[PDB]
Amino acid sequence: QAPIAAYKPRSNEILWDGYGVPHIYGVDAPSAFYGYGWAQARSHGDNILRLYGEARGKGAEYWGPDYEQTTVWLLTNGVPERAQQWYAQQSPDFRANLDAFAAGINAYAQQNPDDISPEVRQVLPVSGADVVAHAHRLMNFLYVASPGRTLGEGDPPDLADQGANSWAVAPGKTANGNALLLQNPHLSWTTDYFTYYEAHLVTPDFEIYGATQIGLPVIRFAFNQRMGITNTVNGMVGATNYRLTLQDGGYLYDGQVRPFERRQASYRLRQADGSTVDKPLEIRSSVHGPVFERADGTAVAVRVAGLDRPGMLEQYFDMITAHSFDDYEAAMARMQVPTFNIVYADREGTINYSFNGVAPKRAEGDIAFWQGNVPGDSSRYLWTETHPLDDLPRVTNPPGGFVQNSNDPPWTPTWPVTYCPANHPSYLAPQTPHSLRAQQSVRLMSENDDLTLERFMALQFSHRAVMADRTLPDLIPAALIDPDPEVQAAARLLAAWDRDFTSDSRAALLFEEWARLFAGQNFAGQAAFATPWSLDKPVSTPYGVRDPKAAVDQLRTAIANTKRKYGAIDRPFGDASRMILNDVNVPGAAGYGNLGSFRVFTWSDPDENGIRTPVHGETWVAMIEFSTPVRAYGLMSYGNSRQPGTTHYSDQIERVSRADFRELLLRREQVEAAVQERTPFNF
């Protein structure tokens, strides 16, 4: 019936468990945020202070050369100053929480100066504005508008490997009648701002368990006794790069030569000897927005949407603390979160999918057109309005009894679908072939019924080489008629494979190498299938091999590659695939999502000895059943801390190698039973 009574904290304290997971208890909100800020300082202080410093545009001043590009990017886009505005524009209530958070961080550093790396001490003290600045940078100028896209360069490995999985199951599809939720982000294992942190906040008025990126005062992947939500990247096109026609010191626009908006700014660049050199920086703007110059000499102006949405953090906070789905939807309706697909589920039995973000209203052009260089010489392409929530693809309690997204276009959020590409403007999302992992996603959910939490988790462990199922039947035969015995031996090895990425697979590695050539290095190539992908058979296409003879030459080559990389065509998958953190070295399993593996581990290239580890992949994984009280399990691949000397960095990877999940503790008693360290505090 009613949720179990939440705990009313009678004093401020952090109860840490054996895994470095803080259970922050505050007599009020500001107190809790302060504890949260303290805990994050404890667990990831160095990187948070580094990121906050960058967000001030002081990256070059504080750490020199390797941080300069980001400084120029953030200054030119006026990020540090807008953070001050956004900060000021906060609601009095929330601004107090942000100030607490910053005080928590400051406090921790004050009482533990030794735990703070020397090179980041100059960043202290930090303020509520700094928090806001970072989140603004992350959301708007990393996720939505990255310097790579605008500068016409690219980005260090983050192509399609910035993915995730997400499921929400309606009570009707379960055995117990409680909704189920899956949080499963697949971001880099090394990039600092992408590091996830696990925490638990409790005040007399709210409770929030979950993971979030270091430096964020709100929990993005949260849940509690009442509800929970998860996120996945949808690539919402919130920015436009306009090509400019330079002319007579200005730029051509609507037939006339408009002069630029010029501002002479400056920043400090640290020198090897510790001194700083003052460096000039002219910031030019066009009616579109800031202007950058590419290497090829192209003058590009970037127009980022939602620069007037200062309530990002508060939206997330109100969303996750919502007392009902209605409240939740009202919160999301503020349009303060610029991107992401978001999934919801609660103890009431409601599940929801939302292609969220702030999208510019446009009158022409498909997504591909808007993702490229839009002509910047006419007011014809200068958008100003953005779409309301109800203009975007969304699903609630569908007939299928579930929702899901694995970075695939929003065209198959459930089965049967409830809408189609035609119902929305063609610039919102792409209409491209869904990845094999995404197809596996729809299958695992729609094909199963009467689910239990345990079965639900087991399905999450799927590591099927769907790619094989679509190709081997045609490849194998064609390869067997090849005169080269080694090729024939390869075909037999492959045909004996159960087509699952297990540690012991002797054919997996070889298959991958073949697939690299058959479907491109990222495994997304379609040019080689006999039957092209189709939205009408979204989970069974593409299929077959268009040119078996060619594909065999590819296998011929792939065989050489496998031996060169691993030393044999039949090396055990988990012998070359390892998960190495600190001094822990465990065998790997599961693999590339584009090859159909639901559970993901994007293996890196192998080293001298054919050993390789995950570059991106599983990180924070949790499955929640909204029973009363709720039940949840989770694991954090890379622990809950990265502070030099911490015992909580490599202390979970072993359980990951065995899919041995931790029961997430929400109830006071459970917490008291697992406490290993108490940190009392006053705000």
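Numbering starts at 1 and follows the sequence shown.
Engineer: Between 149-157 and 478-486, name whichever shows the higher mean Cα B factor according to the PDB entry.
Structural biologist: Per the PDB entry, the higher value belongs to 149-157.
Engineer: Which wins on mean Cα temperature factor, 555-563 or 276-284?
Structural biologist: According to the entry, 276-284 carries the higher average C-alpha B-factor.
Engineer: Going by the CA temperature factor in the entry, name the top one among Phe221, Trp603, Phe317, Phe529.
Structural biologist: Among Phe221, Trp603, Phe317, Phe529, the highest C-alpha B-factor in the entry belongs to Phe529.
Engineer: Based on what the PDB entry reports, which of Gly596, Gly78, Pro421, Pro125 has the top C-alpha B-factor?
Structural biologist: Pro421 has the highest C-alpha B-factor of those listed.
Engineer: Is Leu664 in the lowest, middle or highest third of its chain when residues are ranked by C-alpha B-factor?
Structural biologist: Middle third.
Engineer: Sorting by Cα B-factor within the chain, modelled residues only, which third would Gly20 end up in: lowest, middle or highest?
Structural biologist: Lowest third - that is where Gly20 ends up once the chain's C-alpha B-factors are sorted.
Engineer: Against its chain's modelled residues, does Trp63's Cα B factor rank lowest, middle or highest third?
Structural biologist: For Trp63, whose C-alpha B-factor we compare with every modelled residue in the chain, the answer is the middle third.
Engineer: Based on the deposited C-alpha B factors for this chain, I'd like to know if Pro217 is in the lowest, middle or highest third.
Structural biologist: Lowest third - that is where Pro217 ends up once the chain's C-alpha B-factors are sorted.
Engineer: Please place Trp533 in the lowest, middle or highest third of its chain by C-alpha B factor as given in the entry.
Structural biologist: Its C-alpha B-factor, which the entry lists for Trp533, ranks in the middle third among residues of this chain.
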